[PDB]
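J.: Okay, here's the structure, questions in a sec.
2 protein chains.
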Amino acid sequence: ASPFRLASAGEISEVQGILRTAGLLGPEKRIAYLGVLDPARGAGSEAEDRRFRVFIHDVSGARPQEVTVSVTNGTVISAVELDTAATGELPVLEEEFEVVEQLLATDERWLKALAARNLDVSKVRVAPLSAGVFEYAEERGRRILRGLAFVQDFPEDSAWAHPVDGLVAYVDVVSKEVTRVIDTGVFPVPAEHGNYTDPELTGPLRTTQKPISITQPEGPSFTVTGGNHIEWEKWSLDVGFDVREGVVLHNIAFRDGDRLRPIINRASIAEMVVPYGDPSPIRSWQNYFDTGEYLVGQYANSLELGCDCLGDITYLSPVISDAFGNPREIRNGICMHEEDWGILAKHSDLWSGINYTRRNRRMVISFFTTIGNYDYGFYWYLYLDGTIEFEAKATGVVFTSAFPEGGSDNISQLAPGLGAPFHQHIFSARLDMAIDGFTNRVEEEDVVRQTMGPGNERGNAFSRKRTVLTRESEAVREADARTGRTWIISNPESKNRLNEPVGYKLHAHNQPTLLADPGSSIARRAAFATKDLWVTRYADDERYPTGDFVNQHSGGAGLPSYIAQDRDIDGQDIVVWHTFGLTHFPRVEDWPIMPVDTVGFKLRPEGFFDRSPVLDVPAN
Amino acid sequence: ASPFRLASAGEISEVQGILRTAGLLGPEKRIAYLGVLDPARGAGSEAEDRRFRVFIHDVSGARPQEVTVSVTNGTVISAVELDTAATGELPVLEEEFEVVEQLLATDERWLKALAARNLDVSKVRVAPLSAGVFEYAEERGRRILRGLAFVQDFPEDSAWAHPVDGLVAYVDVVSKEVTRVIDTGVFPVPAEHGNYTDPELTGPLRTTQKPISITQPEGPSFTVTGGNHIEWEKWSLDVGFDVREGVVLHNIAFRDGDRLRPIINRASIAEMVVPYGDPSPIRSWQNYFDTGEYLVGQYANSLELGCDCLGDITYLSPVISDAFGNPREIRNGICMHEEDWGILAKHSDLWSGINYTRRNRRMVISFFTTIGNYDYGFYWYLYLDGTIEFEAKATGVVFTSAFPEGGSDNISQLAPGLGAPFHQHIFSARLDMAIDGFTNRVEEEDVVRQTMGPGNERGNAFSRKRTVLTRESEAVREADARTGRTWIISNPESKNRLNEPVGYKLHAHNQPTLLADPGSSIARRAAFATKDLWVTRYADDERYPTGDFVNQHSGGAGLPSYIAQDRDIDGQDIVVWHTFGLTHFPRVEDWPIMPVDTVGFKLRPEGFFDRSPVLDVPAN
Ligand SMILES: [Cu+2]
Ligand SMILES: [Cu+2]
Ligand code: NA
Ligand code: NA
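In order, the protein sequences belong to chains A and B. Residues in the first sequence are numbered from 64 upward in steps of one, following my numbering. Residues in the second sequence are numbered from 64 upward in steps of one, following my numbering.
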């Protein structure tokens with residue numbers, strides 16, 4: 064019955080059917096994006112209308128369409144031709160990824176470049192990379208991918224060990240033409256292999272790890288109903304999945320006594336970008352919007368038991384559309400389990416004689432995706448004490464280059480002749496807040512130091528201040544770790560028993576934001592990434608901090624355009640957009656396969672509850 | 064055989080015997096501190112000399128002594144009378160904690176204060192609190208504790224719910240006299256109870272938690288030999304214990320191929336302070352040095368199985384001295400176990416067809432201590448990938464006050480009439496570095512932004528810079544989260560296969576440091592807490608950032624005096640002292656018992672290894 068249920072195979076084949084019947088999905092058409100729309104505000108009263116949004120590409124060069132379909136009613140709600148030079152190209156299609164290599168393999172300029180380096184074309188892999196927007200006027204309105212080359216010595220070789228520097232090509236994937244081949248000069252192709260399953264490199268595998276067995280003999284403490292509704296230790300939510308955003312949480316609420324108290328209406332990673340900091344023209348255009356350009360959901364791994372996810376695991380297998388509108392299941396694409404999280408609370412009291420210890424736990428909802436060389440785990444955590452956390456785990460193989468003779472200010476050395484260009488991985492979490500309902504506001508809280516003097520004669524006092532962000536023009540905020548800056552989302556109309564507005568405090572990690580010059584193409588396309596915290600007034604069409612169409616799309620859309628509306632956010636339906644990232648100067652230890660590194664954020668109750676919400680947790 | 068073995072009961076009784084035989088431990092003497100000394104530098108060549116350091120208090124008012132004993136040789140190495148007005152009072156004795164309440168109970172000023180509030184003296188608990196150094200000239204050279212009152216309605220009541228504000232007393236615990244009773248006026252004593260095991264407050268306990276069972280059917284992957292030598296997954300260390308510092312790690316090294324490579328010679332929490340930010344004269348003197356004044360090791364909890372520590376646990380039961388020099392075991396005072404830590408590394412490669420996943424693990428070494436209302440867990444973690452981490456878990460019951468009518472800039476409200484003064488918990492980790500041996504140096508690393516222009520035409524470049532800290536005068540550093548500031552400890556004489564000095568990078572959390580005015584008593588006594596990172600040249604007598612005697616000791620000793628020596632730290636035997644803390648504005652959710660909050664730091668290999676050190680970890 065839930066309007067937040069996952070898309071079923073049936074619904075996708077029905078969208079396919081409706082589009083076909085309507086003349087919108089002939090044999091030259093391809094689905095570049097398809098997802099279910101969230102129900103409108105206040106729609107609980109009305110009967111279900113399951114609506115799907117679809118971006119349709121045309122392989123014959125006709126203009127693509129944005130289409131909204133009602134699968135409940137079997138109708139097309141709206142269909143509009145896109146002008147991609149204006150609003151952006153559609154997301155990269157899975158089927159286009161082979162096309163860069165295939166076209167380049169019979170291009171005389173490419174072949175000349177490979178022959179200058181004595182490289183067998185049959186062994187040269189070409190990464191199909193998003194193009195961005197730079198100085199090339201001919202690319203505007205065209206679907207372009209850029210290709211960087213990596214040699215693969217044999218079928219099972221890791222090509223990433225053998226970058227071909229000094230060489231880049233640009234390809235029109237629709238007309239199937241190579242527009243440019245740039246050769247700046249030969250660099251040595253690093254020779255050492257990076258095959259992390261080859262016994263010659265690993266040495267003898269360790270025999271010293273004894274098993275760890277995690278079991279739940281009575282099964283898990285959470286329930287799943289309606290396919291994707293979770294109830295666990297007072298928490299209630301719906302686990303959604305979208306091909307762009309991946310796992311999306313809906314209706315996060317906490318049962319406090321008899322009352323189901325909303326906290327967050329929708330939580331997602333609404334964008335992620337990987338900007339590169341190497342000024343070589345071979346890579347200075349590289350910025351991968353894994354979410355917006357590639358669609359991280361669509362590359363979600365099938366997660367194997369006792370391996371990717373350990374313990375008593377419950378899986379969801381979300382269904383997505385292939386390029387023709389046929390349903391495709393991602394088997395075991397979402398893991399759900401609970402795990403012990405050490406001590407929750409502890410006190411041994413001298414005066415009472417009472418010793419008290421209680422254990423913490425968290426609910427984990429995750430998926431893992433692979434985008435070329437990169438693999439990312441996305442983890443959401445709900446804790447007994449009302450804390451909500453996100454963590455991204457970054458691993459895979461580092462993107463490589465040659466290491467220049469005489470070194471580099473922008474590239475580190477991994478192996479002899481092998482470089483790793485500096486880069487960042489920067490996420491935007493979109494938190495459609497609903498602290499005890501939709502009437503919310505945000506305050507910025509700083510620690511306040513006090514001067515020794517009258518009222519503070521020992522010079523020990525310290526305090527804090529809160530500033531309400533009243534309108535969107537005042538709601539673009541930066542971190543200040545030194546002053547302990549956080550942001551509190553409260554409901555000014557819902558008060559706890561001490562007559563204070565209930566709230567939640569967002570604790571950031573205060574990692575560096577986007578480093579690029581503010582006049583760069585990336586600073587404009589990823590404007591969101593230049594500031595730690597944005598607050599907008601909710602609107603149904605403000606979904607992504609980069610807009611709907613990121614691929615080859617200049618600035619114009621996304622957060623900077625949303626906030627220009629300068630709308631009231633003081634006790635209104637609001638959305639918090641938190642930027643957070645990792646700044647990576649690759650180390651030798653990252654090669655040949657990267658150990659996980661992490662980044663994230665959390666929100667903790669701040670006068671939301673009338674006392675600790677975990678007094679009723681049992682011993683042992 | 065190891066000179067780093069834990070103290071045995073035998074050794075302590077022998078210290079007792081040697082002191083007695085030497086005339087230093089008659090019936091008026093009391094041991095305020097006793098611990099084993101680390102072996103001297105280069106002492107591996109010589110035979111063992113187990114030496115113990117002892118601070119001896121005298122209950123008849125004679126001057127205390129600092130004594131060093133050789134238990135191997137049965138001799139007193141040195142004994143010196145302390146002048147406590149100059150160098151500091153000895154640590155608070157366990158036996159003095161009852162004395163504040165007991166003396167106050169027959170003092171006419173105290174009784175008058177309690178009668179003004181209609182409080183039965185038999186129900187008034189008095190916390191025995193360190194005094195610090197303020198404006199009271201009569202306290203210099205005297206052992207003083209200050210008392211704050213809390214009402215306990217019945218034997219099992221939590222007194223913390225019922226603070227008696229407006230009232231403080233000062234007591235000389237040697238002469239057994241009350242020096243001062245200050246009554247600033249009556250405040251309502253908060254009436255609501257805070258009994259977190261009372262069913263009326265907890266409600267019916269949850270029945271929704273199903274078991275989680277963690278077992279190791281082949282036992283743990285680590286070995287313990289010589290009582291306290293750990294070997295686990297290439298790591299090697301000795302787990303020490305000291306009554307002041309608690310758990311201390313020695314000789315942290317990693318077996319890389321056939322070579323045992325030192326990383327850290329000694330790691331400890333060398334101080335921790337809890338400064339309060341309420342300017343009321345009732346509490347404006349409150350700063351608890353839990354390590355330096357109280358000795359956190361001595362209050363280590365006995366940890367119960369499946370409860371404080373879950374899984375397959377190996378315990379150490381360290382032995383300490385009681386006040387008379389008799390050994391006392393802290394049964395199950397140290398937990399050691401390994402645990403799964405999610406994904407270590409993962410890549411699914413399109414070109415090779417190879418899917419690869421490996422799991423992480425960490426070795427955990429911990430203890431938990433209780434100091435009045437506070438309980439802290441100290442956790443050290445060693446990871447497969449060479450990462451070393453510390454985490455402090457703060458819980459217990461918040462220190463309370465009245466909540467003033469009309470509110471407060473320095474106190475939050477927890478319950479009706481019940482306040483919680485703002486405060487910090489600030490730790491100093493002392494890391495006696497030995498990166499591939501003792502010849503080490505520290506660089507401060509910042510991210511460097513670059514301007515769009517020649518050499519960077521797309522404005523995408525970014526870089527980093529490193530500054531060597533060459534002498535102690537340049538080695539007092541602050542955090543800069545915005546520039547991604549870290550500190551690298553390297554060995555300039557030990558190079559990896561890429562000809563770069565091997566190293567480790569310290570990643571701080573960049574939480575606020577000490578907030579107090581720089582002219583305060585606490586800023587001087589806890590000078591270490593005003594800066595994030597200090598580097599000193601190693602000396603055997605520079606143990607604590609606050610000096611040896613913190614109790615009622617002004618500035619004069621500790622880090623600021625150490626660095627004045629302005630010694631060479633550029634390729635020398637050095638010590639890093641990292642300040643890190645929590646700034647706590649208590650929330651309603653912290654009451655009546657606080658859910659755990661955390662703070663910490665970590666160090667990760669930075670070109671230490673020639674490639675990933677976890678290539679030899681097996682699948683599944
Ligand atoms: Cu990276
Ligand atoms: Cu606290
Ligand atoms: Na909202
Ligand atoms: Na050292």
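Backbone N, C-alpha and C fix where the C-beta goes; we use that ideal spot for every residue, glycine too.
Considering only their Cβ atoms, is the gap separating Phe485 (chain A) from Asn473 (chain A) smaller than 7 Å?
T.: On the first sequence, position 410 is the one that residue 473 (chain A) refers to. On the first sequence, position 422 is the one that residue 485 (chain A) refers to. Contact flag set, yes.
J.: Cβ atoms of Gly644 (chain B) and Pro555 (chain B): under 7 Å apart, would you say?
T.: Against the second sequence, residue 555 (chain B) aligns to sequence position 492. Against the second sequence, residue 644 (chain B) aligns to sequence position 581. In this structure, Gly644 (chain B) does not lie closer than 7 Å to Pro555 (chain B) by Cβ.
J.: On the three-state DSSP scale, how would you describe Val143 (chain A)?
T.: Position 80 of the first sequence holds residue 143 (chain A). In this structure, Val143 (chain A) counts as strand in the three-state DSSP scheme.
J.: Helix, strand or coil, according to DSSP, for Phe250 (chain A) in the structure here?
T.: For the purposes of this step, residue 250 (chain A) is taken as the residue at position 187 of the first sequence. Residue state, collapsed to three classes: coil.
J.: How far does the beta strand (DSSP E) with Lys568 (chain B) in it reach, from first residue to last?
T.: Position 505 of the second sequence, counted from the start, is the residue given in the question as residue 568 (chain B). Taken as a continuous stretch (DSSP letters only), the beta strand (DSSP E) holding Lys568 (chain B) covers 564 to 571.
J.: With ligand 3 as the reference, list in chain order each residue whose Cβ lies under 7 Å from any of its heavy atoms.
T.: Qualifying residues come out as A:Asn328, A:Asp495, A:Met496, A:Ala497, A:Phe501, A:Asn503, A:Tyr601, A:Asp636, A:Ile637, A:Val638.
J.: Within 10 Å of its beta-carbon, does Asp495 (chain B) have 16 or more other beta-carbons around it, so buried, or fewer, so exposed?
T.: Looking up residue 495 (chain B) in the second sequence gives position 432. Buried, because 16 or more other Cβ atoms sit within 10 Å of the Cβ of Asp495 (chain B).
J.: Determine the burial state of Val163 (chain A): buried for a count of at least 16 other Cβ atoms within 10 Å of its Cβ, exposed for fewer.
T.: Stepping through the first sequence from its first residue, residue 163 (chain A) is reached at position 100. With 16 or more Cβ atoms within 10 Å of its Cβ, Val163 (chain A) is classed as buried.
J.: Might you give, ordered along the chain, the residues of its own chain that have their beta carbon closer than 6 Å to the beta carbon of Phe612 (chain A), omitting 5 neighbours on each side?
T.: Here residue 612 (chain A) corresponds to residue number 549 of the first sequence, with the count starting at 1. If we look at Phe612 (chain A) and ignore the five residues flanking it on each side, its Cβ neighbours are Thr150, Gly151.
J.: Quick check on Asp319 (chain A): does DSSP put it in helix, strand or coil?
T.: Here residue 319 (chain A) corresponds to residue number 256 of the first sequence, with the count starting at 1. If DSSP states are grouped into helix, strand and coil, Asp319 (chain A) belongs with the strands.
J.: From what residue to what residue does the alpha helix (DSSP H) around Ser584 (chain B) run?
T.: Taking the second sequence and counting its residues from 1, the one referred to as residue 584 (chain B) is at position 521. Taken as a continuous stretch (DSSP letters only), the alpha helix (DSSP H) holding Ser584 (chain B) covers 584 to 588.
J.: Can you confirm whether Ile275 (chain B), when its beta carbon is compared against all beta carbons of chain A, has any partner nearer than 7 Å?
T.: Here residue 275 (chain B) corresponds to residue number 212 of the second sequence, with the count starting at 1. Yes, its Cβ sits closer than 7 Å to a Cβ of chain A.
J.: Nearest-angstrom Cα distance between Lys92 (chain A) and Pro390 (chain A)?
T.: Counted from its first residue, the first sequence places residue 92 (chain A) at position 29. Counted from its first residue, the first sequence places residue 390 (chain A) at position 327. Taking the straight line joining both Cα atoms gives about 16 Å.
J.: Would you say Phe672 (chain B) reaches chain A, if we count a Cβ-Cβ gap shorter than 7 Å as a contact?
T.: Here residue 672 (chain B) corresponds to residue number 609 of the second sequence, with the count starting at 1. For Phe672 (chain B), the answer is yes, since a Cβ of chain A falls inside 7 Å of its Cβ.
J.: Under the rule that 16 or more other beta-carbon atoms within 10 Å means buried, what is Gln628 (chain B), buried or exposed?
T.: By 1-based counting over the second sequence, the position of residue 628 (chain B) is 565. Its Cβ having fewer than 16 others within 10 Å, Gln628 (chain B) is exposed.
J.: With a threshold of 6 Å, establish whether the CB of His647 (chain B) neighbours any heavy atom of ligand 2.
T.: Here the question's residue 647 (chain B) lines up with position 584 in the second sequence. It does: the Cβ of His647 (chain B) is within 6 Å (strictly closer) of some heavy atom of ligand 2.
J.: When you compare the CB of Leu368 (chain B) with every CB in chain A, is at least one pair closer than 7 Å?
T.: Locating residue 368 (chain B) in the second sequence gives position 305, counting from the first residue. So, not an interface residue.
J.: Would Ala602 (chain B) and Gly610 (chain B) be called neighbours here (beta carbons separated by less than 7 Å)?
T.: Numbered from its first residue, the second sequence carries residue 602 (chain B) at position 539. Numbered from its first residue, the second sequence carries residue 610 (chain B) at position 547. No. Outside cutoff.
J.: For a minimum of 3 consecutive residues, which ranges assigned as the beta strand (DSSP E) are wholly contained in the stretch 438 to 513 of chain A?
T.: For the stretch 438 to 513 of chain A, whole beta strand (DSSP E) runs of length 3 or above, ordered along the chain, are 451 to 459, 474 to 478, 481 to 484, 486 to 496, 504 to 512.
J.: In chain order, what residues of the same chain have a beta carbon less than 6 Å from the beta carbon of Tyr357 (chain A), not counting five sequence neighbours either side?
T.: In the first sequence, the residue the question calls residue 357 (chain A) occupies position 294. So the list reads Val155, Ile434, once near-sequence residues are dropped.
J.: Whole angstroms is fine: what's the gap from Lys665 (chain B)'s alpha carbon to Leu177 (chain A)'s?
T.: Residue numbering aside, residue 665 (chain B) sits at position 602 when the second sequence is read from its first letter. Residue numbering aside, residue 177 (chain A) sits at position 114 when the first sequence is read from its first letter. Spanning the two alpha carbons is a distance of roughly 45 Å.
J.: Counting beta carbon pairs with one atom in the stretch 199 to 214 of chain B and one in the stretch 224 to 242 of chain B, are three or more of them shorter than 8 Å?
T.: They touch, by the three-pair rule.
J.: Using the Cα positions of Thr599 (chain B) and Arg540 (chain B), report the straight-line distance between them to the nearest angstrom.
T.: Counted from its first residue, the second sequence places residue 599 (chain B) at position 536. Counted from its first residue, the second sequence places residue 540 (chain B) at position 477. Going from the Cα of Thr599 (chain B) to the Cα of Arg540 (chain B) covers about 12 Å.
J.: Going along the chain, which residues of the stretch 453 to 469 of chain B sit with their C-beta nearer than 7 Å to a C-beta in chain A?
T.: Hits within the stretch, in order: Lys456, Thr458, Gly459, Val460.
J.: Identify which residue in A:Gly195, A:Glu171, A:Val505, A:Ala194 has its Cα closest to the Cα of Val184 (chain A).
T.: Position 121 of the first sequence, counting from 1, holds the residue named residue 184 (chain A). When each option's Cα is compared against that of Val184 (chain A), the closest is A:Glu171.
J.: Go ahead and pull the three-state DSSP assignment for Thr609 (chain A).
T.: Start at 1 with the first residue of the first sequence, and residue 609 (chain A) comes out as number 546. In this structure, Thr609 (chain A) counts as coil in the three-state DSSP scheme.
J.: Any residues in the stretch 549 to 562 of chain A with a beta carbon nearer than 7 Å to a beta carbon of chain B? Which ones, in chain order?
T.: Under the 7 Å Cβ criterion, the stretch 549 to 562 of chain A contributes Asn559, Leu561.
J.: If you count every other CB in all the chains shown that lies within 10 Å of the CB of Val227 (chain B), and 16 or more means buried, which is it?
T.: Reading the second sequence from its first residue, position 164 is the one you call residue 227 (chain B). Buried.
J.: Name the two residues that bound the continuous alpha helix (DSSP H) containing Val162 (chain B).
T.: Here residue 162 (chain B) is taken as the residue at index 99 of the second sequence, counted from 1. From DSSP, the alpha helix (DSSP H) with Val162 (chain B) extends over 162 to 167.
J.: Ends of the beta strand (DSSP E) at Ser557 (chain A)?
T.: On the first sequence, residue 557 (chain A) is found 494 positions in, with the first residue counted as 1. Note, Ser557 (chain A): beta strand (DSSP E), 549 to 558.
J.: What does DSSP give as the partner residue(s) for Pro191 (chain B) in the beta ladder?
T.: Taking the first residue of the second sequence as 1, we reach residue 191 (chain B) at position 128. Its beta-bridge partners are B:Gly210.
J.: Taking C-beta to C-beta, are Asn350 (chain B) and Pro342 (chain B) nearer than 7 Å?
T.: Translated into the one-based positions of the second sequence, residue 350 (chain B) becomes position 287. Translated into the one-based positions of the second sequence, residue 342 (chain B) becomes position 279. Going by C-beta atoms, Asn350 (chain B) is not nearer than 7 Å to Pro342 (chain B).
J.: Report the neighbours of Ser617 (chain B) on chain A: residues whose CB is nearer than 9 Å to its CB, in chain order.
T.: Counting from one through the second sequence, the residue named residue 617 (chain B) turns up at place 554. Here the premise fails: no neighbours, minimum Cβ distance about 14 Å.
J.: Does the distance from the C-beta atom of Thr463 (chain A) to that of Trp223 (chain A) stay below 7 Å?
T.: For the purposes of this step, residue 463 (chain A) is taken as the residue at position 400 of the first sequence. For the purposes of this step, residue 223 (chain A) is taken as the residue at position 160 of the first sequence. Result yes, Cβ atoms of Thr463 (chain A) and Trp223 (chain A) sit closer than 7 Å.
J.: Assuming contact is defined by CB atoms lying nearer than 7 Å, are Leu445 (chain B) and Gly290 (chain B) in contact in what I supplied?
T.: Against the second sequence, residue 445 (chain B) aligns to sequence position 382. Against the second sequence, residue 290 (chain B) aligns to sequence position 227. No; because the gap between Cβ atoms is not below 7 Å, this pair is not in contact.
J.: I'd like to know if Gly266 (chain A) contacts chain B, where contact means its C-beta is closer than 7 Å to some C-beta of that chain.
T.: Here residue 266 (chain A) is taken as the residue at index 203 of the first sequence, counted from 1. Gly266 (chain A) counts as touching chain B.
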